[PDB]
């Protein structure tokens, strides 16, 4: 098996700057070369390392021949640097943003947010990681040797043409159910192996799929110890046998490497339209882990962090966000799926503006509302009226989930989150915005099934 590629850990220079170049190159997948896009490379991108309380300047060079934007998913930053659809970087052009990092240690990420083209641009290869550290997490003595016992694991599906090229389309089927493929990549590689020291192994898991939800486990059912969600450390580890992960979510887990036997990280079949088609109808390997006897000192602590209590609900502003899809899209989309795959498509169970929030397809010129600054609000996000999956992402914030799709959040989902599950039911988040966003550089809130977002399931808001 190819060894697991490790994104380079990219830190500030002597002048407190970092450079990111967005460009096209070539990658090879199962023998065939394909045109791919990457940050500082051909595919995917580096892990940008930031420290809480320290400002960095990022110089972004768009070396594509089309426009793009750069969104820091999970970062509590002003709208001006948030890199939503209004953050255009012209082809051949350079844009610089200042990130004044002020949030707990977390694994966040970054990716394009081009208006109507976000799905395509991510599918082409654009994504990178953000490793935020603070004064608290380094006290914990977690595994910390980057690319040895502290390893990013970015999992993504793709579909390829006969000629080997990435086979991406925004059409009626994908507008409805998403873009998904038959080939699983792990940091850009197909079924790689990673050499992990005996002791504790830390995985920073990112579901970087456009539309595919995942569910991590191990081939021999050894447990995962969840230590962190989107926006950082949980209060204490949560021990699980499997870990569902929605599109754009991150969890950090420890896994015990307590003998010499190789095992796989795997993903288990999910109940989502289109996602349990072969070979995802069965547990699917993600990467092979090969235990090795080299130095490690990482441990699993009893106690990780202390988070604030949930705010009192009395007197909070309530915002209702109703998600919907044009009936025609739903049936048309389903028709194409059934035509393409047949009964397998339901196993485990103008379209360009057919996806909506509060009866409106995204209008870039009209923020739906102004949210309060520095005050908790309760946002109620409903998917009642359809049975599609919607990982709902709110920019500019790490929030607390009050209810997820009908129930209190699972323990490992009760900490800091930038995404909440909405699937035929209603969710509630308690959300606070510590930074401003004007109408000209508004925050986005949207489904992170990218083809839904691209076809209207998004709103802008100011702070």
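Take the two forms, find the largest set of C-alpha atoms that superpose within 1.5 Å, and that set is the rigid core. Numbering follows the first chain given and starts at 1.
With each structure aligned by its rigid core, the stretch whose Cα atoms sit farther from this model in 6 other deposited structures of this protein, between 256-264 and 365-373, is 256-264.
When the other structures are laid on the shown form by the rigid core, the stretch among 295-303 and 274-282 with the greater C-alpha deviation in 6 other deposited structures of this protein turns out to be 295-303. The segment from residue 349 to residue 350 is interrupted, since 10 or more residues of the deposited sequence in that interval carry no coordinates. For the pair 382-390 and 244-252, the record assigns the higher mean C-alpha temperature factor to 382-390. Mean CA B-factor, 168-176 versus 188-196: the higher value falls on 168-176. Annotation for 97, 307, 275, 132: 275 ranks highest, by Cα B-factor. Sorting 398, 405, 63, 68 by the CA temperature factor given in the entry leaves 405 at the top. Residue 124: CA B factor in the middle third of modelled residues in this chain (values from the PDB entry).
Among all modelled residues in its chain, residue 40 ranks in the lowest third by Cα B-factor. Sort the modelled residues of the chain by CA B factor and residue 288 lands in the middle third. Remark: residue 429 belongs to the lowest third of its chain, ranked by C-alpha B-factor as recorded. Residue 90 sits in the middle third of its chain by CA B factor, as recorded in the PDB entry.
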